[PDB]
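Peer 1: The structure follows.
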There are 2 protein chains.
Amino acid sequence: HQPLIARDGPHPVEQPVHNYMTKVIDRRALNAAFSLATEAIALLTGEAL
Amino acid sequence: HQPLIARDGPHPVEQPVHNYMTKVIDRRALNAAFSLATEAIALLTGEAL
């Protein structure tokens, strides 16, 4: 809700608007990668031992 | 009630004075508003039961 102030005078009475403020989210990727040499593939799995 | 200083000389003799008065208050009715309409008017109260 947003603040109001009652005010003197017949000016039309404070018309109170009460809403649900919405928003729009965003999306980023943030990607990163890493090294894996053909060696240390035959290894690791156990191919070359 | 105003006070006075007794004074010596060919000065006119000073007489106590008393100040009686009245004010009046002010009014300035203050207004705030609201709105509710239709669907949510009859949503609240028996009509949705």
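As shown in the structure tokens, the chain order sets the letters A, B, ...; within each chain, residues go from 1, and ligands are also counted from 1 in the order they appear.
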Residues of chain B near chain A: apply a cut-off of 8 Å, count only C-alpha atoms, and supply the list as a list in words.

Peer 2: residues 28, 29, 30, 31, 32, 33, 34 and 35 of chain B

Peer 1: If I take CA of residue 36 in chain B and CA of residue 24 in chain A, how far is one from the other in Å, to one decimal?

Peer 2: 27.6 Å

Peer 1: Quick one: superpose chain A on chain B on all Cα atoms, same order, and give the RMSD.

Peer 2: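 C-alpha RMSD after optimal superposition stands at 2.0 Å.
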
Peer 1: Which residues are close to residue 48 in chain A, i.e. within 12 Å by only C-alpha atoms, leaving aside same-chain residues fewer than 6 positions away? Reply as a list in words.

Peer 2: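 My list of contacting residues is residues 38, 39, 40, 41 and 42 of chain A.
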
Peer 1: Just N, CA and C atoms for this one: save the residues we selected as an mmCIF file, in the first residue's frame.

Peer 2:
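Result file follows (again.cif):
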```cif
data_model
loop_
_atom_site.group_PDB
_atom_site.id
_atom_site.type_symbol
_atom_site.label_atom_id
_atom_site.label_comp_id
_atom_site.auth_asym_id
_atom_site.auth_seq_id
_atom_site.Cartn_x
_atom_site.Cartn_y
_atom_site.Cartn_z
ATOM 1 N N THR A 38 42.592 -35.601 -24.140
ATOM 2 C CA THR A 38 42.277 -36.968 -24.546
ATOM 3 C C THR A 38 42.966 -37.997 -23.657
ATOM 4 N N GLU A 39 44.108 -37.595 -23.112
ATOM 5 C CA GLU A 39 44.826 -38.352 -22.118
ATOM 6 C C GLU A 39 43.881 -38.040 -20.965
ATOM 7 N N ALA A 40 44.039 -38.657 -19.806
ATOM 8 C CA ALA A 40 43.080 -38.435 -18.727
ATOM 9 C C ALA A 40 41.649 -38.620 -19.210
ATOM 10 N N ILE A 41 41.474 -39.495 -20.185
ATOM 11 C CA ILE A 41 40.182 -40.046 -20.562
ATOM 12 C C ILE A 41 40.368 -41.551 -20.600
ATOM 13 N N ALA A 42 41.328 -42.001 -21.407
ATOM 14 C CA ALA A 42 41.829 -43.363 -21.287
ATOM 15 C C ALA A 42 42.198 -43.703 -19.854
#
```

Peer 1: Which residues in chain A does DSSP call alpha helix (DSSP H)? List them as a VMD selection string.

Peer 2: chain A and resid 42 to 45

Peer 1: Take CA of residue 22 in chain A and CA of residue 43 in chain B and report the distance between them in Å, one decimal.

Peer 2: 23.9 Å

Peer 1: So the first atom is CA of residue 19 in chain A and the second is CA of residue 44 in chain B; what is the distance between them in Å, to one decimal place?

Peer 2: 18.2 Å
